[PDB]
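Asks: Residue numbers (the authors' numbering), protein chains in the order written: chain A, 300 to 343, 348 to 717; chain A', 300 to 343, 348 to 717. A prime marks a further copy of an entry chain.
Take this structure, written in structure tokens, and hold onto it; I'll ask about it next.
2 protein chains.
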Amino acid sequence: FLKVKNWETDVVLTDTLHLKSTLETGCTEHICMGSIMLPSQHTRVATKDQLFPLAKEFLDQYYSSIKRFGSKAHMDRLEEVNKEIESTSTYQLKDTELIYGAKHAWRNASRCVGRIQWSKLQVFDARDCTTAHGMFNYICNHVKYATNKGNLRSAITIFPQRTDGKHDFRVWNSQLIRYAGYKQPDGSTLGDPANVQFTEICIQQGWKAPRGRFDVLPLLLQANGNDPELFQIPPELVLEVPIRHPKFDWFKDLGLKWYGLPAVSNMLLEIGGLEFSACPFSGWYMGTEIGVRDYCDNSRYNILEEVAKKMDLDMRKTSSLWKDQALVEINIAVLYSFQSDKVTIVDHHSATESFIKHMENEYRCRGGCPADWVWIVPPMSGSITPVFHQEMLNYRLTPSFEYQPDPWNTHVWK
Amino acid sequence: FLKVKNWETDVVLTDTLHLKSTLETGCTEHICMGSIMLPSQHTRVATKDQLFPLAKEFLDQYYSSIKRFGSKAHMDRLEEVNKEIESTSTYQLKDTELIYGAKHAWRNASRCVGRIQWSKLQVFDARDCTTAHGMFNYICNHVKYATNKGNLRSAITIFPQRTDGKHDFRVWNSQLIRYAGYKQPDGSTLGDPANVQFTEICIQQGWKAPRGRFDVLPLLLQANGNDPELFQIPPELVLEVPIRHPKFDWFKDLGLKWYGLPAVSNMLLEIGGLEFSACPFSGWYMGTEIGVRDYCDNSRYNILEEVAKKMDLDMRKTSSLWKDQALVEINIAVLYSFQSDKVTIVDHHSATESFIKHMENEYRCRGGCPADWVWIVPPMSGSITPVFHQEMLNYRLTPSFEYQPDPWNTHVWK
Ligand code: HEM
Ligand code: HEM
Ligand SMILES: CCN(C)CCc1cc(F)c(F)c(OCc2cc(C)cc(N)n2)c1
Ligand SMILES: CCN(C)CCc1cc(F)c(F)c(OCc2cc(C)cc(N)n2)c1
Ligand SMILES: C[C@H](O)[C@H](O)[C@H]1CNc2nc(N)[nH]c(=O)c2N1
Ligand SMILES: C[C@H](O)[C@H](O)[C@H]1CNc2nc(N)[nH]c(=O)c2N1
Ligand SMILES: [Zn+2]
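If you want it as structure tokens, here you go:
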């Protein structure tokens, strides 16, 4: 029954939820790895024996969720998937068990500050899919729906679960919409340095790059273990916000823009022991993810010098805080640009307050809320947002989202 | 033999130092408490039995440090304090063992970004002190020395170790130089809200407050268990930087200022099992500690609105990032003000780069460097400083600095 304090408000919350926790974290009693980016625990091949307790555990919270824990419909469903796990060494979720598992995977994501919206998640069941083309169609219907003309909506599309392991649905994109990354002669990078390995993988499979900055990458979709295939999202479906500033008219001259739809596609969704290797999910952007990380990370677009230049900034000494000054401006423009286009965006203040609000309800009507402070604190102006001052317990509940290796490092090809 | 990566540079460092670790962290395999502010492990009454392994462990690294591990002078010193621990149920450090233990307490402080300077620490041995007045004199000689007319120097003053526990030297100030905090009629706060409980404690013992903003508090010094006593640092010894901006001439009109000398006085220094309950230590300020936390924390001076006002800032909508804009300005002024006065200050960029440099040498010539990411990442512009992208292993080595309860909640009075 652990206590967590908010040192800005002296609010104390009591966490019992962490007792239901199951998975391990990477920390021990003599070492804390809370700052390791991809702990071996957060990465993802299972058998039929451990598979039933997982099913049991998940089915018991789900019937407990729809009020009727331990009833006949529960006991039958337990026997039912017991039977099905004996016979097939795996099983299938009901439509509702899948919607529930997905929403709670998000709910349990300790690194996600947007979780106040976890209950309003749209679950598209793609488990009937069999081909890369059908994947492409489900993904496009996802994009269109979640984009909703800038009034963005949370959604997830769940392709068939892993079975043997060699028959595996995977989106090879990290996100359905990402800009291409091209190395240059001198070595420098056009576009997004993050995706340079992925961009050339696409060309290795036949992409015809328009070698510029913001070239929306094509989808590389692997279906049921087969070699992936290239499909270009219809451009009318990829909404984009050109970035201007509400003061500096040279900001348009910077010629930047970003897509409205954040949509992570490389993660693994775990539910009742079942593994969904392709499950792209989307919501809306927090300002900082674009203006701080995408735009100003050194190994991303790296625009701080160019913005500071135009601002006429003391770029000599480090202590001029020119980098900080040009970073707040870039985030002012991103927010303003997205808002003047009716494209859903949230600032890091509004988003981190709501997370504290969310944390309250989770400790009240759930007994806790796993939270990773390393990741919840926004990457600029940490301590002026209320999550900097909120102690948080990190633990691993299931259903959950896990990392998984890249397909091209595991795919037994051709 | 754990690995930590820098995701900005793809640098990998290998940590074996954590194997020498001894104390626990608060994390377990199923829960990470890396964001708990004062874990029960980081707080501080010991006997004579566990006291010798502690002495042994510390003496073995110290003679290993001066090259002659296991020699006769080592073995004799081991027998010597063995003998002394049998006879007195405690023991005394040699002058050099104390200088070493202190420097390594700092070296091991995982929450300190300034640790690149740990070897150049000036150790003042105050273990002959017996009276609050003698404390006051050692503390003043500390202030004067460390201040060094703005060319600040790192130092620590070590008062006698705890023995029985009822005879205990304690500085009741959190820092030797802090501004007084006064509640008002309407409830609001003049001065520093942090110290309001301490400020009225001082008046409870007879302080004559000049009830303004930046009133340097008096020292409240407890010596050998006796009731503490009030002493006012000579004002010529308290250096102060008035805060101006190198653009906004109304910034002087804000009328702010800060002391040059950060000097934490409430911590407990542990060496070879011995407990030094009063051990004030000082270095120089990182810009952000004043301009971000001191000035802009909600429950500190809370000047963001007043600075934004004068900047003529979009203070209506939250998403205007006015708070961020006024926060970078305040930090530009702090750095500039301290630098135009030849008072040693370091910006959070320069300081966090040096910490990465420091981390390199610690993994190379020591096998690791315990680091608390929650605390090493500066509280503004996190991800544009290189420590945001540096994975860090947190573990607890000794000699170390520990928190300890406030004296007025433990002091058996009068
Ligand atoms: C609705 C708006 C949302 C916002 C504003 C939001 C915000 C964020 C942010 C800022 C991060 C940190 C990632 C980074 O900065 O690199 C994150 C991580 C994450 N989010 Fe959310 N998110 C949203 C929706 C969703 C949805 C719909 C899901 C799943 C269905 C989700 C699941 C996750 C996961 C799994 C992580 C990372 C966990 C990890 O890395 O281990 N989020 N989110
Ligand atoms: C020389 C310049 C120094 C700088 C720039 C510096 C910087 C910092 C900063 C920014 C923090 C985080 C505290 C906060 O933001 O609230 C910190 C913590 C700390 N520093 Fe350093 N510091 C310096 C010198 C020292 C010295 C001389 C010592 C000890 C002799 C020391 C030991 C510590 C300890 C023990 C902590 C906190 C550990 C904890 O809270 O558990 N530092 N320092
Ligand atoms: C190398 C890893 N690093 C780059 C972080 C990558 C990452 C992994 C992950 F699973 C995530 F959910 C993630 O969330 C971004 C995100 C997703 C959604 C739906 C909304 C918002 N607003 N944001 C970001
Ligand atoms: C409630 C706790 N919270 C307010 C943090 C307090 C705290 C505790 C502590 F032991 C510290 F060493 C500390 O370091 C401040 C510091 C010290 C020195 C020598 C230099 C710099 N530049 N800075 C700050
Ligand atoms: C070293 C550290 O684990 C890494 O830089 C983390 C820190 N916190 C983060 N927080 C978020 N939201 N996103 C990130 O990519 C990271 N990166
Ligand atoms: C909740 C959290 O533990 C607390 O706010 C910490 C976060 N990191 C920090 N880091 C530093 N340097 N100083 C602090 O006071 C804090 N506060
Ligand atoms: Zn931990």
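Yeah, the Cβ is synthetic: ideal placement off N, Cα and C, and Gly gets one too.
In three-state DSSP terms, what is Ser392(A')?
Replies: Of the three classes helix, strand and coil, the one that applies to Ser392(A') here is coil, per DSSP.
Asks: Which residue spans inside the region 374–444 of chain A form an unbroken alpha helix (DSSP H) run of at least 4?
Replies: List check, alpha helix (DSSP H) in window: 375–391, 398–411.
Asks: Tell me which residue opens and which closes the beta strand (DSSP E) that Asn634(A) is part of.
Replies: From DSSP, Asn634(A) is part of no beta strand (DSSP E) but of the alpha helix (DSSP H) over 625–642.
Asks: Where in the region 538–614 of chain A do unbroken runs of the beta strand (DSSP E), each at least 3 residues long, occur, reported from the N-terminal end onward?
Replies: The region 538–614 of chain A contains these whole beta strand (DSSP E) runs: 543–545, 560–562, 571–574, 577–579.
Asks: Determine contact between the region 649–656 of chain A' and the region 622–630 of chain A, defined as no fewer than three beta-carbon pairs at a distance below 8 Å.
Replies: Output reads yes: the region 622–630 of chain A touches the region 649–656 of chain A'.
Asks: Does any CB atom of chain A fall closer than 8 Å to the CB of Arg596(A')?
Replies: Yes, contact with chain A.
Asks: Would you say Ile330(A) faces chain A', with C-beta separation under 8 Å as the test?
Replies: Yes, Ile330(A) lies at the interface with chain A' (some Cβ there is under 8 Å from its Cβ).
Asks: Could you list which residues in chain A' have their beta carbon closer than 7 Å to that of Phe691(A), in chain order?
Replies: In chain order: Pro682.
Asks: For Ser392(A'), which residues from the same chain have a beta carbon less than 6 Å from its beta carbon, with the 5 sequence-adjacent residues on both sides left out?
Replies: These residues qualify, in order along the chain: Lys351.
Asks: So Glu307(A) contacts chain A'; which residues on that side make the cut at Cβ distance below 8 Å?
Replies: Those are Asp600, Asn601, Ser602, listed as they occur along chain A'.
Asks: Tell me which residue opens and which closes the beta strand (DSSP E) that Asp363(A) is part of.
Replies: Counting along the chain, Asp363(A) falls outside any beta strand (DSSP E), though it belongs to the alpha helix (DSSP H) covering 354–368.
Asks: In the DSSP assignment, find the beta strand (DSSP E) that holds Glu532(A') and state where it starts and stops.
Replies: Its beta strand (DSSP E) spans residues 532–534.
Asks: When the Cα of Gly453(A) is compared with those of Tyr588(A), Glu592(A), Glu382(A), which residue comes out closest?
Replies: The candidate whose alpha carbon is nearest that of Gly453(A) is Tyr588(A).
Asks: If you drop the 5 nearest sequence neighbours on each side, which residues of the same chain put their C-beta closer than 7 Å to that of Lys406(A)?
Replies: These residues qualify, in order along the chain: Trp421, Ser422, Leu424.
Asks: Assign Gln693(A) to buried or exposed, taking buried as 16 or more other Cβ atoms, counted over all protein chains shown, within 10 Å of its Cβ.
Replies: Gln693(A) should be labelled buried.
Asks: Please check if any C-beta of chain A' sits within less than 8 Å of the C-beta of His652(A).
Replies: Closer than 8 Å to some Cβ of chain A', the Cβ of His652(A) qualifies, so yes.
Asks: Can you confirm whether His317(A), when its beta carbon is compared against all beta carbons of chain A', has any partner nearer than 8 Å?
Replies: Yes, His317(A) lies at the interface with chain A' (some Cβ there is under 8 Å from its Cβ).
Asks: Report buried or exposed for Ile369(A'), applying the criterion of at least 16 other Cβ atoms within 10 angstroms of its Cβ.
Replies: That one is exposed.
Asks: Taking 8 Å as the CB-CB limit, is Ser320(A) close to chain A'?
Replies: Cβ-Cβ to chain A' under 8 Å: yes for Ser320(A).
Asks: Which bits of chain A' does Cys415(A) rub up against, with CB to CB less than 8 Å?
Replies: Going along chain A', no residue has its Cβ under 8 Å from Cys415(A), so there is no contact; the nearest lies around 16 Å.
Asks: How about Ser580(A') and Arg473(A'): do their beta carbons lie closer than 8 Å?
Replies: Yes. Within cutoff.
Asks: Using 8 Å for Cβ pairs, my map puts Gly671(A') next to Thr315(A'). What's the rounded Cβ distance?
Replies: Right, the Cβ-Cβ distance comes to about 6 Å (below 8 Å), so this counts as a contact.
Asks: For ligand 5, which residues count as neighbours when the test is a C-beta closer than 6 Å to any heavy atom?
Replies: The set, ordered by position in the chain, is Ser334(A), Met336(A), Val677(A), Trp678(A), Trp306(A'), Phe691(A'), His692(A'), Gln693(A'), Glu694(A').
Asks: Tell me the DSSP secondary structure of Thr621(A) in three-state form.
Replies: Residue state, collapsed to three classes: helix.
Asks: How many angstroms separate the CA atom of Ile442(A) from the CA atom of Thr713(A)?
Replies: Those two C-alpha atoms are separated by around 23 Å.
Asks: Any chance the CB of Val649(A') is under 7 Å from a heavy atom of ligand 2?
Replies: Yes, Cβ of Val649(A') sits closer than 7 Å to a heavy atom of ligand 2.
Asks: Within its chain, find whatever has a CB closer than 6 Å to the CB of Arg465(A'); leave out the 5 residues flanking it on each side and keep chain order.
Replies: If we look at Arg465(A') and ignore the five residues flanking it on each side, its Cβ neighbours are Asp471, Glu578, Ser580.
Asks: Measuring only the C-alpha atoms, how far is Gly333(A) from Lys511(A')?
Replies: Rounded to the nearest angstrom, the two C-alpha atoms are 47 Å apart.
Asks: Looking at C-alpha atoms only, which residue of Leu318(A'), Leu312(A'), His341(A'), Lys319(A') is the closest neighbour of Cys326(A')?
Replies: Closest by alpha carbon: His341(A').
Asks: Please list the residues of the region 609–627 of chain A that have a C-beta atom closer than 8 Å to any C-beta atom in chain A', keeping them in chain order.
Replies: Residues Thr621, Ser622, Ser623, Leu624, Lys626, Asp627.
Asks: Does the region 611–622 of chain A' come into contact with the region 550–561 of chain A', if we say contact requires no fewer than three beta-carbon pairs (one atom in each stretch) closer than 8 Å?
Replies: Segments in contact, yes.
Asks: What did DSSP end up calling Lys469(A') once you bin it into helix, strand or coil?
Replies: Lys469(A') falls in the coil class under three-state DSSP.
Asks: Does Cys505(A) come out as helix, strand or coil in the three-state DSSP assignment?
Replies: Correct three-state label for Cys505(A): helix.
Asks: Sorry if obvious, but does the Cβ on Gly417(A) come closer than 7 Å to a heavy atom of ligand 2?
Replies: Answer for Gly417(A): no, Cβ out of range of ligand 2.
Asks: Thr688(A'): buried (16+ other C-beta within 10 angstroms of its C-beta) or exposed?
Replies: Under this definition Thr688(A') is a buried residue.
Asks: Rounded to a whole number of angstroms, what is the C-alpha to C-alpha distance between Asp309(A) and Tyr562(A')?
Replies: Computed Cα separation, rounded: 28 Å.
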